[PDB]
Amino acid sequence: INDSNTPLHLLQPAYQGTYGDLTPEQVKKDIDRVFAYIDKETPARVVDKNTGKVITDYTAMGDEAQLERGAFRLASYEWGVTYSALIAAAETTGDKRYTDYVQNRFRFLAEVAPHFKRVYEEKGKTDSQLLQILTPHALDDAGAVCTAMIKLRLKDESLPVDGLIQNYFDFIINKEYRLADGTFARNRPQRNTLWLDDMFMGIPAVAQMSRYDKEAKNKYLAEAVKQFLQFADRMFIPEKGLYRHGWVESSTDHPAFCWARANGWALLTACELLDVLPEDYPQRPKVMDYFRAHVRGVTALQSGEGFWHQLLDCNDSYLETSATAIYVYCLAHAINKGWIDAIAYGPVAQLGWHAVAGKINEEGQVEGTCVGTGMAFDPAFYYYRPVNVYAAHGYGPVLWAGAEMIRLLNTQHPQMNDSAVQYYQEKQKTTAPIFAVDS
């Protein structure tokens, strides 16, 4: 084996993860494993908190009743993402089990919410999970879930979630704290702080409400855009093509910690907003320009393992799964929508999927996901955020990425060429390992 008798250029590279060909059947097998797992870990039942006995007489129950505790909460913002993912997966795969799940959980929450409200009113206390639904106090308690409920209800008028949607959205649009200019804000950890996460916690709900409330379509399109641009003005870093995680209004400098998951939330927000805006919307160009600039900054920092780093621009920080999945979804979606180039980005998405699929264990858990994480102004905090299989943030994104990869693989015609994944818009009529595209 030498230069004269071997194509050294065709030697099998020693990848640590998987590389190369991907079939939509394999992607579906993997999201089905995650789906089967989360299905059994998100029970839609009321039980006695002391004995675990199933409660079915909701009119009679009291402060002993709670939602059965599986590994993941049904109405956390993390699960808001899962619900949106499964709505999308039903569409790209045609597997109605995915939407049956969302139907079932939403109908269950709609059914029981009023009874728990009555318990709270009579007893002064109830399941803390129900207080999140009934009395949200932050966009984290409302937006992602509200967004998914709007999406499904617009596909099914029989879905009885209007009461929940109105409650959630009344909080978002009328009660949530904002800066003087209206930008969704927090007073933690500092007064008048913007969190990159709130682009995603707040904007998709507003964008979807423009579709749900006919009377307020223009008003909500404009508010969704206004939020987007008021956040991006302050938080985007044009020199890097990345967003800072936080921005404190009083601070005279605004240090950038380009945390991967929140950068995922910003990329996903652009996708959610661009899914709704009319193609001739007058501010669409500015939003699209921001999206495209962010795509370029994020993708340049993909690691050799296909994952992205916890701090995106710090290649000594750990590789994190949930952000990686979010980016894969966004990139596949943007290619599918015609927003970004398939030749340039298809292989990025594909490699990212290989990376993510390698973290779906035999049980269907998603490994390597950063746990719930707030805002810091030092790098040690970010570098050392724990990872755990039970961090709920991994699940939605993996499902959504898989769903979108199936669409991408069913539309495009990727093929290995010279040992590299290449995207082709027409099927190449060759099995040669190295080839030129015909005229």
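Counting begins at 1, following the sequence as shown.
Item to complete: Higher average CA B factor in the deposited record is what I'm after, so tell me if that's 123 to 131 or 271 to 279.
Response: Higher of the two, by average CA B-factor, is 123 to 131.
Determine, for stretches 9 to 17 and 416 to 424, which one has the higher mean CA B-factor as deposited.
-> According to the entry, 9 to 17 carries the higher average C-alpha B-factor.
_How does the C-alpha B factor of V112 compare with the rest of the chain: lowest, middle or highest third?_
Middle third.
Task: Third of the chain's Cα B-factor distribution that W265 belongs to, per the entry - done: It belongs to the lowest third of the chain when residues are ordered by C-alpha B-factor.
CA B-factor placement of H254, once the chain's modelled residues are sorted into thirds
Lowest third, going by the recorded CA B-factors of the chain.
Classify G394 as lowest, middle or highest third according to the C-alpha B-factor given in the PDB entry, relative to its own chain. Highest third - that is where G394 ends up once the chain's C-alpha B-factors are sorted.
Next item on the list: Pull the Cα B-factor of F72 out of the PDB entry and bin it into the chain's lowest, middle or highest third.
Entry: Tercile = highest for this residue's CA B-factor.
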